[PDB]
> 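Structure below; questions to follow.
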Amino acid sequence: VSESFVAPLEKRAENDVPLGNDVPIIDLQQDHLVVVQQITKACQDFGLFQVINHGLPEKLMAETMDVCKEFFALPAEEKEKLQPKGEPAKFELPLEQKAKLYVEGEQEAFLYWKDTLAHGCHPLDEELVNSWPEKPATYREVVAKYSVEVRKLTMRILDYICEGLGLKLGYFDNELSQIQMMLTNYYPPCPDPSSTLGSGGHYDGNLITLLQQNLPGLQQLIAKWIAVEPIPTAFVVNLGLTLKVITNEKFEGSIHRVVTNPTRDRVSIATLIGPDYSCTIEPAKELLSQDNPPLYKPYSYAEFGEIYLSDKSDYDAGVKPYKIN
Ligand SMILES: CN1[C@H]2C[C@H](OC(=O)[C@H](CO)c3ccccc3)C[C@@H]1[C@@H](O)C2
Ligand SMILES: O=C(O)CCC(=O)C(=O)O
Ligand SMILES: [Fe+2]
Ligand SMILES: [Sr+2]
Ligand SMILES: [Sr+2]
């Protein structure tokens, strides 16, 4: 591989990472209180769980994975239309909601073995959808339906979380969930998986992420890494660094990475829901007391975002400046 993609020695993945047998698989068609309790325990203990029987159509999940794979099979001349000034965009503020192809890495500077298509999904209007990929022909109609369905499921999970925390229903149905970035991640085959990463170890900086995968490669940090079993009809729920802050660390954030594969490509669909850049983030005042003092001072999501996207010296570098008590 090009030296551009060689990860620092300490960040390289070991060849045989064990399956995470303790990753919760939560059936959302259980009794209401059982679902609230199981989600609450997974959020407190792990910060990563899968949901099944989640009410999002399996056919739509398959059609969305199909059109996302079809997008990454498009020729160079079509993909260039999503490369501003002839190169992929960078994950840096301002992060526009129009569709672009993105490159990503860490500044021992290296690049992740990944192409990412990203666009906003909420609210859906003509202007936003007209800024999505023109090809494949069905991308806009399928992904518009998918984005509405994934948002509906995310808001159901956030209300289960509200009941678990003792927050009013709809606590996150406001500025805290107004940005919905859909990241379609393409991991092409890699000649040297021992030296590369599809995605470096990170928290998602946002509130909550729903991740759809068909193939292995996702791993979670529990300094032990475990493999997250791909269930093609499930969503992986990753709690974001923003939710870790708002719950005053009552909930864990998911630290996860993606390893490369020597033989096969892989596509994942990540729906990253979180605050507008104008939001102030702080521990929910409703949950604080002398027994539970705030562990973070209030901060600008925009200010956090700049650090989160630039400084990868530690997983929570984004929130370190705002730590108190
Ligand atoms: C692997 N990378 C991580 C960092 C960056 O994330 C973002 O770009 C999100 C997009 O919502 C963001 C979150 C919070 C603040 C700023 C940006 C791009 C991708 C994501 O999959 C997660
Ligand atoms: O490809 C994956 O399974 C992980 C994707 C991801 O972590 C992300 O988009 O933030
Ligand atoms: Fe992620
Ligand atoms: Sr180019
Ligand atoms: Sr257009």
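Just so you know, these numbers use all the heavy atoms, side chains as well, and skip hydrogens, waters and symmetry mates. Along the sequence shown, residues carry numbers from 1.
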> Considering only heavy atoms from C-beta outward, does the side chain of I246 approach that of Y171 to under 4.5 Å?
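Of all side-chain heavy-atom pairs linking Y171 with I246, at least one is under 4.5 Å.
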> To the nearest 0.5 Å, what is the distance between CZ (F72) and NZ (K79)?
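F72 atom CZ to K79 atom NZ measures 6.0 Å (nearest 0.5 Å).
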> We want to know whether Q220 and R257 form a side-chain donor-acceptor pair, criterion being a heavy-atom distance below 3.5 angstrom.
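Looking only at side-chain atoms, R257 and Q220 do not form any donor-acceptor pair under 3.5 Å.
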> Would you find more than 12 non-hydrogen atoms of other residues, nucleotides or ligands less than 6.0 Å from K152 atom NZ?
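Check fails, neighbour count at 12 or below.
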> I'd like to know whether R12 forms a side-chain contact (heavy atoms from CB on, under 4.5 Å) with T196, so could you lay out the CA-CA distance, the side-chain angles of the two residues, the decisive distance to 0.1 Å, and finally the verdict.
CA-CA 7 Å; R12 293 173 197 171; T196 62; over 6 Å; no
> Passes side-chain hydrogen bond (donor to acceptor under 3.5 Å, both in side chains), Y146 versus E63? Steps please.
CA-CA 9 Å; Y146 181 82; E63 287 167 350; over 6 Å; no
> Search all heavy atoms of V17 against all heavy atoms of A227 and return the closest pair with its distance.
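That would be CG1-N, 3.6 Å.
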> Without swapping roles, check the side chain of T116 against the backbone of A118 for a donor-acceptor pair under 3.5 Å.
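No, because the side chain of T116 does not come within donor-acceptor range (under 3.5 Å) of the backbone of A118.
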> Between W113 and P188, is any pair of side-chain heavy atoms under 4.5 Å apart?
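Yes, close enough: below the 4.5 Å cut-off.
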> Under 4.5 Å between any side-chain heavy atoms of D173 and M155, yes or no?
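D173 reaches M155 side chain to side chain.
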> Measure the shortest side-chain to side-chain distance between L117 and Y139 over non-hydrogen atoms and say whether it is less than 4.5 angstrom.
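Counting from C-beta outward, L117 and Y139 do come under 4.5 Å.
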> Crowded around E306 CD? As in, over 12 foreign heavy atoms under 6.0 Å?
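No.
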> So which heavy atom on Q290 is nearest to which on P293, and how close?
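The pair with the smallest heavy-atom distance is O-CD, 3.6 Å.
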> Would you please test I226 and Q219 for side-chain contact (heavy atoms from CB on, under 4.5 Å) and show each step?
CA-CA 5 Å; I226 60 86; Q219 303 182 348; over 6 Å; no
> Answer yes or no: are there more than 12 heavy-atom neighbours, outside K312 itself, under 6.0 Å from its atom NZ?
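Atom NZ in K312 is packed in, count exceeds 12.
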> Decide yes or no on side-chain contact (heavy atoms from CB on, under 4.5 Å) for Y308 and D316, but give the supporting numbers first.
CA-CA 8 Å; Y308 170 68; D316 72 346; over 6 Å; no
> Minimum heavy-atom separation for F304 and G318, please, with both atom names.
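Answer, listing the atom of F304 first, then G318: CD1-O, 3.4 Å.
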> Is there a path of hydrophobic side-chain contacts, each under 4.5 Å between heavy atoms of I/L/V/M/F/W/Y residues, joining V236 to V259?
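Hydrophobic grouping puts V259 apart from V236.
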> Using salt bridge (charged side-chain N to carboxylate O under 4.0 Å, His left out), reason through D311 and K320 one step at a time and then give a plain yes or no.
CA-CA 11 Å; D311 184 351; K320 278 172 96 297; over 6 Å; no
> In terms of hydrophobic clustering (I, L, V, M, F, W, Y; side-chain heavy atoms under 4.5 Å; direct or indirect links), are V148 and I157 co-clustered?
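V148 clusters together with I157.
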> Begin with the C-alpha distance, continue with both residues' side-chain angles, and end with the deciding distance and a verdict on salt bridge (charged side-chain N to carboxylate O under 4.0 Å, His left out) for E106 and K11.
CA-CA 11 Å; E106 315 195 355; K11 294 197 175 208; 2.6 Å; yes
> Whether the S289 and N292 side chains hold a donor-acceptor pair (N or O, under 3.5 Å, no angle test) is what I'd like checked.
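There is no such pair (donor and acceptor under 3.5 Å, judged by atom type) between the side chains of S289 and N292.
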> Near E10 CD, under 6.0 Å, is it more than 12 heavy atoms from other residues, nucleotides or ligands?
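Yes, CD of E10 has more than 12 neighbouring heavy atoms, counting only those of other groups under 6.0 Å.
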> Quick check: does any side chain N or O of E149 sit under 3.5 Å from a backbone N or O of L60, one acting as donor and the other as acceptor?
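Here the side-chain-to-backbone pair does not exist.
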> Take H54 and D27, measure what side-chain hydrogen bond (donor to acceptor under 3.5 Å, both in side chains) needs, and give me the verdict at the end.
CA-CA 7 Å; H54 45 56; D27 182 352; over 6 Å; no
> So, the side chain of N238 versus the backbone of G47: is there a donor-acceptor pair under 3.5 Å, distance only?
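No, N238 side chain to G47 backbone: no donor-acceptor pair under 3.5 Å.
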> Which pair of heavy atoms, one from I52 and one from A234, lies closest together, and at what distance?
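Scanning both residues completely, I find the closest heavy atoms to be CG2-CB, 3.8 Å.
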> Below 4.5 Å, heavy atoms only, C-beta onward: do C190 and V1 meet side chain to side chain?
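Yes, close enough: below the 4.5 Å cut-off.
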> Working to the nearest 0.5 angstrom, can you tell me the gap between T40 OG1 and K250 NZ?
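One gets 7.5 Å once the value is rounded to the nearest 0.5 Å.
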> Contact between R140 and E134 at the side-chain level, heavy atoms closer than 4.5 Å - yes or no?
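Yes, side chains in contact.
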> Checking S147 side chain against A144 main chain: does a donor-acceptor pair fall under 3.5 Å?
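Confirmed, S147 side chain pairs with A144 backbone.
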> For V34, is there any backbone N or O sitting under 3.5 Å from a side-chain donor or acceptor partner on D31?
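Checked: no pair found.
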> For residues 83-97, which side-chain donor-acceptor pairs fall under 3.5 Å, sequence neighbours excluded?
{"unit_1": "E96", "atom_1": "OE1", "unit_2": "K100", "atom_2": "NZ", "d": "2.7"}

> Measuring from atom CD of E303 to atom OH of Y301, what distance do you get when rounded to the nearest 0.5 angstrom?
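Atom-to-atom, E303:CD and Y301:OH are 14.0 Å apart.
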> Measure the spacing between NZ of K145 and OG1 of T64 and express it to the nearest 0.5 Å.
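OG1 of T64 is found 8.5 Å from NZ of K145.
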> Looking at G240, is its backbone amide N or carbonyl O close enough to the side chain of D204 to form a donor-acceptor pair, meaning the two atoms are under 3.5 Å apart?
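Not confirmed, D204 side chain does not pair with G240 backbone.
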> Would a single hydrophobic cluster contain both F46 and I39, if residues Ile, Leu, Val, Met, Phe, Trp and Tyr are joined by side-chain heavy-atom contacts under 4.5 Å?
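No; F46 is not reachable from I39 via cluster members.
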> Would you kindly say whether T209 and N206 are connected by a side-chain donor-acceptor distance under 3.5 Å?
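Per modelled atom types, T209 and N206 side chains form a pair under 3.5 Å.
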> Hey, are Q44 and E252 close enough side-chain-wise for a donor-acceptor pair under 3.5 Å?
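There is no such pair (donor and acceptor under 3.5 Å, judged by atom type) between the side chains of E252 and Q44.
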> Looking at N174 and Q178, what are the two nearest heavy atoms and their distance?
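Closest approach of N174 to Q178: O-NE2, 2.7 Å.
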> Ignoring hydrogens and angles, tell me if any N or O in the side chain of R151 forms a donor-acceptor pair with the backbone of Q180 under 3.5 Å.
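No.
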> Looking only at heavy atoms, which two atoms of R266 and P216 are closest? And how far apart?
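Answer, listing the atom of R266 first, then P216: CD-O, 3.2 Å.
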> Taking the side chain as C-beta and beyond, is there a heavy-atom pair between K323 and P321 under 4.5 Å?
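Contact flag for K323/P321 side chains = no.
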> Ring centres under 6.0 Å, that's the criterion: do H202 and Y315 meet it?
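Ring-ring flag for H202/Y315: false, centres at least 6.0 Å apart.
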> Would you say NZ of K297 has more than 12 non-hydrogen atoms from neighbouring residues, nucleotides or ligands within 6.0 angstrom?
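Incorrect, the count does not exceed 12.
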> Does any non-hydrogen side-chain atom of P189 lie less than 4.5 Å from one of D265?
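Side-chain contact under 4.5 Å: yes.
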> Is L82 reachable from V129 through a run of I, L, V, M, F, W or Y residues, each pair having side-chain heavy atoms under 4.5 Å apart?
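Linked, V129 and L82 end up in one cluster.
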> Checking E282 now: which residues fulfil salt bridge (charged side-chain N to carboxylate O under 4.0 Å, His left out) with it, not counting sequence neighbours?
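Residues passing salt bridge (charged side-chain N to carboxylate O under 4.0 Å, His left out) with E282: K285.
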> Rounded to the nearest 0.5 Å, how far does CG of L74 lie from NZ of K69?
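Answer for the NZ-CG pair, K69 versus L74, is 14.0 Å.
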> Could you walk me through whether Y160 and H32 satisfy the ring pair (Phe, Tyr, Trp, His ring centres under 6.0 Å) test, starting with their C-alpha distance in whole Å, then the side-chain angles of each, then the deciding distance to 0.1 Å, before giving a yes or no?
CA-CA 9 Å; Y160 289 140; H32 174 83; 5.7 Å; yes
> Determine yes or no for a side-chain-to-main-chain donor-acceptor pair under 3.5 angstrom, with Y203 supplying the side chain and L241 the backbone.
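Such a contact is absent between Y203 side chain and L241 backbone.
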> What distance separates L287 CG from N248 CG, expressed to the nearest 0.5 Å?
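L287 atom CG to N248 atom CG measures 8.0 Å (nearest 0.5 Å).
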> If you group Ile, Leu, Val, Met, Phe, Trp and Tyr by side-chain heavy-atom gaps below 4.5 Å, do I269 and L48 land in one group?
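Looking at the clustering, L48 is in a separate group from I269.
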> Is the backbone of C279 close enough, under 3.5 Å, to the side chain of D276 for a donor and an acceptor to pair up by distance?
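No.
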> Aromatic ring centroids of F110 and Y112 under 6.0 Å?
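Yes: the rings meet the under 6.0 Å criterion.
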> Please answer whether the main-chain N or O of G198 pairs with a side-chain N or O of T260 as donor and acceptor at a distance below 3.5 Å.
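Looks like no, no N/O pair under 3.5 Å.
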